[PDB]
Amino acid sequence: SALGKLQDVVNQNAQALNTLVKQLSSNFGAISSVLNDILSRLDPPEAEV
Amino acid sequence: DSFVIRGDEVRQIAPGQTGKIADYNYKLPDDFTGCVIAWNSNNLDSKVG
């Protein structure tokens, strides 16, 4: 518990990167989180929306 | 573009609308601007027999 500042900074950066990667896999109200499946299942208008 | 179709084919004549006849005969683009004027011709395009 002596190098707390550097460890905290590194942990914050790693947490931000991990949060971004996880948020990449969010639906955001869409049918699916992967675009290939959305293109396969839906017609061009609904898939585009 | 002037043509003659059946009753239910009117719906298929639309931008972004799926359909066998629309995909095989005449399809509107996704970014289509403009429109369709459809009128009944039961007294002109229909003959007995």
# chains A, B, ... in the order shown; residues from 1 in each chain; ligands from 1
>>> closest_atom_pairs(of="chain A", to="chain B", cutoff="9 Å", atoms="only C-alpha atoms", output="CSV")
residue,atom,partner,partner_atom,distance
A:43,CA,B:18,CA,7.8
A:44,CA,B:16,CA,7.1
A:45,CA,B:16,CA,5.9
>>> atom_distance(atom1="atom CA of residue B:7", atom2="atom CA of residue A:47")
27.9 Å
>>> atom_distance(atom1="atom CA of residue B:28", atom2="atom CA of residue B:1")
11.3 Å
>>> atom_distance(atom1="atom CA of residue A:49", atom2="atom CA of residue B:37")
27.3 Å
